[PDB]
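As a starting point, one isolated chain is supplied in structure tokens, in the form deposited in one PDB entry.
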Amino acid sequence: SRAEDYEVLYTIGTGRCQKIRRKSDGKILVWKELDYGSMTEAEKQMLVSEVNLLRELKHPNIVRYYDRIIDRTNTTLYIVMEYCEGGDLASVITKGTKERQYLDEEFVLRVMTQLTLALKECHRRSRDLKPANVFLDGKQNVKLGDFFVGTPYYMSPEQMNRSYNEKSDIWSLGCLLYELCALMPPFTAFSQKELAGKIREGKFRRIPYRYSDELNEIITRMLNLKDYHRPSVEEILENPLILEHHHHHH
């Protein structure tokens, strides 16, 4: 409830994200620093609405947001959440590139399974689905988090023309799983106009051959140009590839 109840250990990323320890029990967590000092009251009311919505999101595959803290003399809002020791998927992918080493299919199956269930929960309740918004804990669990300039690698053909569309999320997941496998996005280009052209032709290289035809097929379906040809979250979870151990475990 009060920032004094926690001790900052060190900064993770820079508002700042920080690893913290709760004094009462020694519990490891993180908080996100939001400086609302230059925000209007209308923007603060907005921010309050968003923070109450985060508190309501309880799901093994979604970053758990525990608390909120206001420091009035620092005009700083702190969002306290679980600590995900594994970092984000972006870093995993960049690690793969450097190591010249592809990720295990088992790992890709875990991400596919757990992110789909995350998405399934988000739809039931009715955000940005990219590697830098997907996090890993210390137990092989995958969690969706974070609810110009640069190219929109994952922008679906519908979003290009015109979402809101749940099949648009499936395309984004396809892009993400594809980049996990090939260590590069399915569609690359130097300009957003070139990119859009590539996206509309709907063509891409098969994921590397170390990955099964079955994994390649489901990712390919998610990247269908027609939103109605992409599998739903339910049809995804029905896939013979997806087994119990791919799901979360406490």
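For every residue, the number given is its place in the sequence shown, counted from 1. Heads up, when I say rigid core I mean the largest set of C-alphas that superpose within 1.5 Å between the two forms.
Just so you know, the form deposited in another entry exists too; it's not on screen, but the next bit is about it.
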(request) Please find the residue from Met184, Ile70, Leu225, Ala189 showing a Cα shift of 2 angstroms or more between the shown form and the other one, rigid core superposed. (result) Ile70
(request) Compare the position of the CA of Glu214 between the shown form and the other one after a rigid core fit and state whether the shift reaches 2 Å. (result) no
(message) Superposed on the rigid core, does the Cα of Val80 end up 2 angstroms or more away between the shown form and the other one?
(response) yes
(request) Align both forms on the core first, then report whether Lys44 has a C-alpha shift of 2 Å or more between the shown form and the other one. (result) yes
